[PDB]
Amino acid sequence: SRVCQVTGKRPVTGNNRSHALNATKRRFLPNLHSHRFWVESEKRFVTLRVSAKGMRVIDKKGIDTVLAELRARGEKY
Amino acid sequence: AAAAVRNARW
Amino acid sequence: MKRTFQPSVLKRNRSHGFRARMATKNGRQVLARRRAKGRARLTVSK
RNA sequence: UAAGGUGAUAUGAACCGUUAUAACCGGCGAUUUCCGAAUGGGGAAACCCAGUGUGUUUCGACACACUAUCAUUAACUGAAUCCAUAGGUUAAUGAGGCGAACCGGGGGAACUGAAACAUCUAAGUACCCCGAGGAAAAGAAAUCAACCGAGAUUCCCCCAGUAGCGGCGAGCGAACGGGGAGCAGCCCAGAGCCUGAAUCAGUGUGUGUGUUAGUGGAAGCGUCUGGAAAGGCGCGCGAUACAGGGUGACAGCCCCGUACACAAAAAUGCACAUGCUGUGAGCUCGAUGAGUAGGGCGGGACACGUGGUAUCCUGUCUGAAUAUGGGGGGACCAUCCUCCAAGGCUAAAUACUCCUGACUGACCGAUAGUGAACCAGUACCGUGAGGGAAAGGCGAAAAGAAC
RNA sequence: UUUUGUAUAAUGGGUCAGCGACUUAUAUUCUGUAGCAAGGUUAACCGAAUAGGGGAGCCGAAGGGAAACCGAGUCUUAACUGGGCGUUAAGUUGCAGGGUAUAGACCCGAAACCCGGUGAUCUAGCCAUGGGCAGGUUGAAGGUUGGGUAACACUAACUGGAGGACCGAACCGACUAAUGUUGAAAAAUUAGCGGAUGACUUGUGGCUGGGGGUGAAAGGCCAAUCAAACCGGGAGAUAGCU
RNA sequence: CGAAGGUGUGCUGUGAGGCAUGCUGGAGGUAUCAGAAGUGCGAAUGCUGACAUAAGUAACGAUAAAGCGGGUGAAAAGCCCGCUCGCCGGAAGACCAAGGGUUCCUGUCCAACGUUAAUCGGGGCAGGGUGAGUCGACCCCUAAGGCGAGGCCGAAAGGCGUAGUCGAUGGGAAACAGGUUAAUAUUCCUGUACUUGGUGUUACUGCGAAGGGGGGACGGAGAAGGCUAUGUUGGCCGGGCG
RNA sequence: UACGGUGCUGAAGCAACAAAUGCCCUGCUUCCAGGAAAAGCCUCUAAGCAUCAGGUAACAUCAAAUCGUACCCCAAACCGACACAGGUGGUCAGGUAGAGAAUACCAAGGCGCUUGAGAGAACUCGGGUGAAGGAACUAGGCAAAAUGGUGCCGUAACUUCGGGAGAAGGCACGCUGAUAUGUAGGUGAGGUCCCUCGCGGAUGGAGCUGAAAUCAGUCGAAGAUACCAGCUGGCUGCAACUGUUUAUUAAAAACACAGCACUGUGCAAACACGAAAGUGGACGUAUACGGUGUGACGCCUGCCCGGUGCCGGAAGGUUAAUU
RNA sequence: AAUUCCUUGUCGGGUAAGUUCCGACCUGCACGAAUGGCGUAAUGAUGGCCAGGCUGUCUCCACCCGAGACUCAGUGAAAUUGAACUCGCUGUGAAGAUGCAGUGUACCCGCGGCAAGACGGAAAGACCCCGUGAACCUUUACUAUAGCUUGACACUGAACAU
RNA sequence: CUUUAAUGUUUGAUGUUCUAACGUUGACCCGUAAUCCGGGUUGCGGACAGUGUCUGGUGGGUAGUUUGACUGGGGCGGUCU
RNA sequence: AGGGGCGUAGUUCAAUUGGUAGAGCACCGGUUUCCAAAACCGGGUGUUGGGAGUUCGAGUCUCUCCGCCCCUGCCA
Ligand SMILES: [Mg+2]
Ligand SMILES: [Mg+2]
Ligand SMILES: [Mg+2]
Ligand SMILES: [Mg+2]
Ligand SMILES: [Mg+2]
Ligand SMILES: [Mg+2]
Ligand SMILES: [Mg+2]
Ligand SMILES: [Mg+2]
Ligand SMILES: [Mg+2]
Ligand SMILES: [Mg+2]
Ligand SMILES: [Mg+2]
Ligand SMILES: [Mg+2]
Ligand SMILES: [Mg+2]
Ligand SMILES: [Mg+2]
Ligand SMILES: [Mg+2]
Ligand SMILES: [Mg+2]
Ligand SMILES: [Mg+2]
Ligand SMILES: [Mg+2]
Ligand SMILES: [Mg+2]
Ligand SMILES: [Mg+2]
Ligand SMILES: [Mg+2]
Ligand SMILES: [Mg+2]
Ligand SMILES: [Mg+2]
Ligand SMILES: [Mg+2]
Ligand SMILES: [Mg+2]
Ligand SMILES: [Mg+2]
Ligand SMILES: [Mg+2]
Ligand SMILES: [Mg+2]
Ligand SMILES: [Mg+2]
Ligand SMILES: [Mg+2]
Ligand SMILES: [Mg+2]
Ligand SMILES: [Mg+2]
Ligand SMILES: [Mg+2]
Ligand SMILES: [Mg+2]
Ligand SMILES: [Mg+2]
Ligand SMILES: [Mg+2]
Ligand SMILES: [Mg+2]
Ligand SMILES: [Mg+2]
Ligand SMILES: [Mg+2]
Ligand SMILES: [Mg+2]
Ligand SMILES: [Mg+2]
Ligand SMILES: [Mg+2]
Ligand SMILES: [Mg+2]
Ligand SMILES: [Mg+2]
Ligand SMILES: [Mg+2]
Ligand SMILES: [Mg+2]
Ligand SMILES: [Mg+2]
Ligand SMILES: [Mg+2]
Ligand SMILES: [Mg+2]
Ligand SMILES: [Mg+2]
Ligand SMILES: [Mg+2]
Ligand SMILES: [Mg+2]
Ligand SMILES: [Mg+2]
Ligand SMILES: [Mg+2]
Ligand SMILES: [Mg+2]
Ligand SMILES: [Mg+2]
Ligand SMILES: [Mg+2]
Ligand SMILES: [Mg+2]
Ligand SMILES: [Mg+2]
Ligand SMILES: [Mg+2]
Ligand SMILES: [Mg+2]
Ligand SMILES: [Mg+2]
Ligand SMILES: [Mg+2]
Ligand SMILES: [Mg+2]
Ligand SMILES: [Mg+2]
Ligand SMILES: [Mg+2]
Ligand SMILES: [Mg+2]
Ligand SMILES: [Mg+2]
Ligand SMILES: [Mg+2]
Ligand SMILES: [Mg+2]
Ligand SMILES: [Mg+2]
Ligand SMILES: [Mg+2]
Ligand SMILES: [Mg+2]
Ligand SMILES: [Mg+2]
Ligand SMILES: [Mg+2]
Ligand SMILES: [Mg+2]
Ligand SMILES: [Mg+2]
Ligand SMILES: [Mg+2]
Ligand SMILES: [Mg+2]
Ligand SMILES: [Mg+2]
Ligand SMILES: [Mg+2]
Ligand SMILES: [Mg+2]
Ligand SMILES: [Mg+2]
Ligand SMILES: [Mg+2]
Ligand SMILES: [Mg+2]
Ligand SMILES: [Mg+2]
Ligand SMILES: [Mg+2]
Ligand SMILES: [Mg+2]
Ligand SMILES: [Mg+2]
Ligand SMILES: [Mg+2]
Ligand SMILES: [Mg+2]
Ligand SMILES: [Mg+2]
Ligand SMILES: [Mg+2]
Ligand SMILES: [Mg+2]
Ligand SMILES: [Mg+2]
Ligand SMILES: [Mg+2]
Ligand SMILES: [Mg+2]
Ligand SMILES: [Mg+2]
Ligand SMILES: [Mg+2]
Ligand SMILES: [Mg+2]
Ligand SMILES: [Mg+2]
């Protein structure tokens, strides 16, 4: 499903407003993208379904560090 | 219930 | 004149039988309701 | 525990027991067909079809055992592709489903009210989904206060229908503060000096107190009416027992019990003590949670509907300081107070009752009370989901009417 | 009962018996009553516990003003001789009652909306695999053999067996009329009628599910129910109406 | 020494009522003053049960048709037997599938059930009855389609789908005639056959796949030809002389 | 001997002809709309065995389990609340007449339909017949009556040349005899030849079966005598037609239809179903597919782009998030 | 004219008489060219009109055969129903009387018939109206929204040229 | 101040060429007894396409509703202070 | 019937909408032509349907009255 493998972002629900404040139910989905990340330690490309916010944290945290948390999370990358 | 036929005025 | 009921044991068991009902949770919820109600005959299977 | 006993309609037959292997009650085991998470495969549930291995032989067969999937772990093997990796085969553990309500979370209406109807209300209700426990959740201040102070969370009564929110309509509706119930605080973000300290979890070992069968348990006769006395009329007696029930009409003394006094081979709860197995206590010096806080955009949650709107959560886009520093004090700034987020754990006070036991009712008494006092979620109806009844009383004793 | 008005030929009732509708909680106001009284009273909770404790609070004894404030006065105004509102007047806590408010709010009754399920054993379409269509006619293309042409074309005869072809049983349809209408039957029977090798018909399975299906299209059909199925829930929806 | 209840009677109050009694019944009932209400019913096309009305009226379910004698029996238009008559005969006969579940056969009975009576019954009761290597199913095989390891996707639930695994209405080995029971038969019996596997013996010996190929294997219509089922006649056999 | 029965015995048990919708035939011929799969079965070799195993063949032998099996099954046993004038798939298909599974009468077989008995009114239902007239009835020839078969003769406008057409209209039909005692035809034995020899070939015609026609005679009012079995013609509206539709008051001029045109769509197609994956479209590719309107065929389809849509253009005006 | 209100338009044909039909006329209230126009063989349980045949359709019904209806025996409903000792007339009267006034008539009670009335029975009227009812449907009604489409940012980089 | 010529800078506008994100319902290899999927190789495309947030337009495609009263019945007409 | 519109030169139409009514054609007169017309020059024309008003003043504004158009007259 539409779940980020790094941040865990999942769809949330809200309201469409209007000039008359009419509220209609909607969904907010993450900006997910399938990317092949180069992991140096295994000299391999591993494909992850990540959000755009997740992409920013990968540079800051390091590719190895995030995967270590993923193995702790048992997300089965 | 049934089929009340009719001659309703018109 | 042909009516709404034409018996067919194979069709009856494949449609409402114990294995057909229990295959899905929705049918399993029917069994749960009938078990809660205390029905003598849970499903239509003999 | 026992002189009676082989469940009921429901007799009978054939028997078993009588002083302790009848029966009955309880504890612990044994057995526990088939279907069902169903798990060897399949399947129209209670059926069909196997494989492997061990052991049997009358050479026709036969009897057990194992063989689901997924998760986790460990071995062995094993591509493209040299290592590897994916993958594959075993072996260990664990999970599967069911179940009333209560709980947390993920989703989430409309009728209705507004005398219409869009914002709003209904309502984060109904319902669906996920997960957990006996409770859950929450929880140890980047909290409130106001220049005085308080000191985790939860629950109750106030504060108060106040302050506010709101087509400022309908309606929604606090907090501060106060009185109570109950109270408990800790760990990691790191190394030493000490040292196994406190404490917690496993387990045995006893004690105490329960639970699962039980034991004893007081004291009245006469007469009258009457089918029958427990009633009447007399005269007694017991009471830590005059709670109830039954007995041929209303029984303290007829029976079962009740008040009291006792009981456990075995299993088990609870609590204390104690022994092992882990578990680390104390001191010093450090360290002090970053794509985070904050911001832009779109929503949501706070009583608070964007409003001048703080605070909280974030789908999106950005993005700090970091103790010489930050957060908050309902726009915002200064001053001053207060606290230290971006890591965790935590009993009690709280909610509920499918179920067990006892007891209670100005609750019902067969069209009432559960739909069901009766072989009722039955008969019956409907393809199905589902809907769903009617139906109690002979008499003290069946003596149920020989002829 | 409803009405200006009912013997009314307006509604209701075959009869009896049973059942069947002003209640409950909280808050508020008013009356009655009881207690205390410028005071009255506690809530949660504690408690051998309907006592007692708990005065946390609540109402009242002081109001005026938007408010700050002032205060038996106060506001208005620059100021009032003024004017508005106040100042002599007992309240408060129980109990009962009359009301109101929030809850279903005396009871019964909608057509509907929403939510979760059950239904294509009927019917509609489609899919797979099977079956059925007596008999009698008409005689296409093509083919052969002639006649004709340089060769065709063309023509004749004979073979052939084409068709949402013909007549007509089974089968399928359902146009007319009669009967039947508390039926033999919740759509049929009788006498006629249309199609009847096809866009045919049928058996057995399968698939499409409710704002959806399916529809050679009528708002038709989707289990005797269809301009939005059925079942349960929201739900005792709502009903200025009877 | 007769409570409530019921059913009469009498008295009494302004009323809702009250008091007492005779009978029924056979065990509860309850003063007074207070307290609490599921506290008072004729109606709501009210609800449930019982009972009327129409009413001994309509109807007694195809206009295919009955009649008689005898029998059984308490009783015969309806049952049994017999003789006639009539009806169907591409069905109103016979055998199945689907579906039902004992309705089958025998004995016994007539309350209820049968639109009447019933001796009878598909009614009640008690027994009996369903016999398979070849018929089916199961089994092997697949169609549509379903499920679906992993996998892809999706708030959750879940959706789709690969390898696979199910799923006949289709494809796959083999039995016929005769006899027999109150009720069963290609199942039992008699006679005569056949098939697929297992094992063993003997002889001769290339076997072998989840693989390849072949086969299985397929339309509509039409036209005949060769046949049989079957029927007719003759012959034959037996019987008949009306 | 118990009306059953039981036991014993038991003759002929042939031919010809007719003849299927069954079989050969899952064939043959032909057509376009171009008509399952898999396994069993046969065969081929890989790896893995090739002394073995395994295969082939012949005997002997075992095994073939389990479940269903009664009965109803176009109905009183199933679906319709009923012992319900309804519905329900397959198999079997006698005689006479007949083209026939129509129809009539029968066989085998099975039934008389679970209230009767009387009476013989009105009226109602289902039928029969009808003087005279013959649609005067009525919204309307509704209904009824009538027509009805085979052979032959004959047959118009119009036509898309097929039709219209069974157009209309008419004639002959029984029975007996003769042609010809039972014909033409069909079938075909014996016999006689031939065979590289059989379920053979050629002759051969016995015996069966058997129309149709003509002639002669004969009966009746009537000979397609019953049942069965078109009413016909003329003008015209609408729709081309076969078909489909409101299960249960509407079968039509409505829908569909072939044909025509416009438009979209270049295939990871458009489009549609799906939060998505995917699927259909299509295992198709513009000679294709989707949508829309019209609705065979014949002759034709004119004028308006102002309005509203759609398409193309993009300079300018205006204009969001963002900065 | 499936289209013509006036309208039975006018004329002709058909009839004894034709508001229908057929042929023309054009004055098209308010036909018209793929929401196709005009024709069209064949087809049609198609609509209208006419003729022959044919007849109980009718003038005008009669008889007969069956099944009911009627009588007897057996079994044995239903809808409905405030209670009835349930006459006519005229008048009155929630304004159309079995029930009121006046008056007339009428012995008590069945059976077979006919339906004028009991504003007969059936079903809280479908027409009409109302409610600040319901539902579907339409659109340039309102407010939204799926979808489609535009741009910015993100996924998303490099170099060069203007 | 104007006119501004050049100068660096900071943002954009196109155009061209790349590959390395991303796409591939191209080919090939493996998982593998596999028209799924995944991985690998390669080709093609390529900073587009596509998707997310925000945003303008369109939108009976689908919803929730409104659409007055008086009135010699209503509608139409007229009226509403 | 009811409601809206219309009446302007000889015929078809503008109007200003409170203060003075135009255009086209037609008509007339004069050119041109052998002549007619076509063409050229020049020009006169109106109670603005009728009435009653409103105004200092109406074809204009108001209301009736004639004539001519356009709409409606519906549910049973
Ligand atoms: Mg298993
Ligand atoms: Mg409202
Ligand atoms: Mg527990
Ligand atoms: Mg004791
Ligand atoms: Mg910190
Ligand atoms: Mg931020
Ligand atoms: Mg925000
Ligand atoms: Mg505001
Ligand atoms: Mg402001
Ligand atoms: Mg704010
Ligand atoms: Mg009782
Ligand atoms: Mg009860
Ligand atoms: Mg109850
Ligand atoms: Mg009872
Ligand atoms: Mg009166
Ligand atoms: Mg009355
Ligand atoms: Mg107290
Ligand atoms: Mg105080
Ligand atoms: Mg004052
Ligand atoms: Mg008081
Ligand atoms: Mg009160
Ligand atoms: Mg045809
Ligand atoms: Mg025809
Ligand atoms: Mg036909
Ligand atoms: Mg229906
Ligand atoms: Mg709806
Ligand atoms: Mg419901
Ligand atoms: Mg509610
Ligand atoms: Mg209600
Ligand atoms: Mg008494
Ligand atoms: Mg007693
Ligand atoms: Mg009550
Ligand atoms: Mg009534
Ligand atoms: Mg009755
Ligand atoms: Mg009678
Ligand atoms: Mg009567
Ligand atoms: Mg009668
Ligand atoms: Mg009768
Ligand atoms: Mg009968
Ligand atoms: Mg007899
Ligand atoms: Mg017969
Ligand atoms: Mg039985
Ligand atoms: Mg029997
Ligand atoms: Mg009897
Ligand atoms: Mg029986
Ligand atoms: Mg056998
Ligand atoms: Mg068997
Ligand atoms: Mg077989
Ligand atoms: Mg699947
Ligand atoms: Mg899976
Ligand atoms: Mg299988
Ligand atoms: Mg099969
Ligand atoms: Mg063929
Ligand atoms: Mg033969
Ligand atoms: Mg049998
Ligand atoms: Mg039998
Ligand atoms: Mg039947
Ligand atoms: Mg029925
Ligand atoms: Mg039945
Ligand atoms: Mg049938
Ligand atoms: Mg017949
Ligand atoms: Mg008669
Ligand atoms: Mg009649
Ligand atoms: Mg006749
Ligand atoms: Mg006669
Ligand atoms: Mg006559
Ligand atoms: Mg005559
Ligand atoms: Mg006439
Ligand atoms: Mg007449
Ligand atoms: Mg007719
Ligand atoms: Mg006739
Ligand atoms: Mg003709
Ligand atoms: Mg006409
Ligand atoms: Mg047609
Ligand atoms: Mg037709
Ligand atoms: Mg119909
Ligand atoms: Mg139909
Ligand atoms: Mg019809
Ligand atoms: Mg059309
Ligand atoms: Mg055109
Ligand atoms: Mg245009
Ligand atoms: Mg234009
Ligand atoms: Mg007309
Ligand atoms: Mg005329
Ligand atoms: Mg005409
Ligand atoms: Mg037209
Ligand atoms: Mg057009
Ligand atoms: Mg016609
Ligand atoms: Mg005639
Ligand atoms: Mg009367
Ligand atoms: Mg009168
Ligand atoms: Mg009268
Ligand atoms: Mg009558
Ligand atoms: Mg009558
Ligand atoms: Mg009436
Ligand atoms: Mg109504
Ligand atoms: Mg709408
Ligand atoms: Mg609403
Ligand atoms: Mg109104
Ligand atoms: Mg109104
Ligand atoms: Mg109308």
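Counting neighbours? That spans all protein chains shown, and the Cβs are built from the backbone with ideal geometry, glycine included. Read-outs: derived from the displayed coordinates by stated rules, not from any lab.
Report ³J(HN,Hα) in whole Hz for each residue of the stretch A:31-36, in order, from the Karplus equation J = 6.51 cos²θ - 1.76 cosθ + 1.60 where θ = phi - 60°; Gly and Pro get x.
Result, ordered by residue: 7, 7, 8, 7, 10, 9 Hz.
Could you work out the helix-only [θ] at 222 nm for chain C, with each DSSP H run of four or more residues adding -39,500 (n - 2.57) and the total divided by the number of residues, to the nearest 500 deg cm²/dmol? Before the final figure, lay out the partial values.
Working: 3 runs with 26 residues, N = 46.
After summing the helix terms and dividing by residue count, I get -15500 deg cm²/dmol.
Toward the positive end of the charge dipole of chain A, about the Cα centre and with charges on Cβ (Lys, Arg +1; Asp, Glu -1), which of A:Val12, A:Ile63, A:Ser51 goes farthest?
A:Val12
If the limit is 32 Å between Cα atoms, which of A:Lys25/C:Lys25; C:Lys2/C:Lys37; A:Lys9/C:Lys25 go over it? Don't skip to the answer; put the middle values down first.
Values: A:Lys25/C:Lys25 28 Å; C:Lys2/C:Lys37 35 Å; A:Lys9/C:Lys25 29 Å.
From the list (A:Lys25/C:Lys25; C:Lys2/C:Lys37; A:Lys9/C:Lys25), the Cα-Cα distance tops 32 Å for C:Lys2/C:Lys37.
In debye, nearest 20: dipole of chain A around its Cα centre with unit charges on the Cβ of K, R (+) and D, E (-)?
Numbers: 18 positive and 6 negative charges, 84 e Å.
So the dipole magnitude of chain A works out to roughly 400 debye.
Can you list residues whose amide H is under 5 Å from A:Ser51's amide H, if they're 5+ apart or on another chain and H is modeled 1.01 Å from N?
Long-range HN contacts for A:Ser51: A:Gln5, A:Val6, A:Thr7, A:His33.
Checking the cross-link filter: which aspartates and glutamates have an alpha carbon closer than 15 Å to that of A:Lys61, excluding same-chain neighbours under 8 positions apart?
Output for A:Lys61: A:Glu40, A:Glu69.
Which whole-Hz ³J(HN,Hα) couplings does the stretch A:47-52 yield from phi under the Karplus relation 6.51 cos²θ - 1.76 cosθ + 1.60, θ = phi - 60°, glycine and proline marked x?
Taking θ as phi minus 60°, the curve returns 8, 10, 8, 10, 7, 5 Hz for the stretch A:47-52.
Kirkwood Rh and Cα-based Rg: tell me the resulting Rg over Rh for chain A, rounded to two decimals.
Numbers: Rg = 16.3 Å, Rh = 14.1 Å.
So for chain A, dividing Rg by the Kirkwood Rh gives 1.15.
Could you list which residues have their amide H under 5 Å from that of A:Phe37, counting only those 5 or more apart in sequence or on another chain, with H placed in the peptide plane?
A:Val46, A:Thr47, A:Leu48
Could you tell me what a quarter of the Cα convex hull surface of chain C works out to, in nm² with one decimal place?
On the way: hull surface 15.9 nm².
If you wrap the Cα atoms of chain C in a convex hull and average its projections, you get 4.0 nm².
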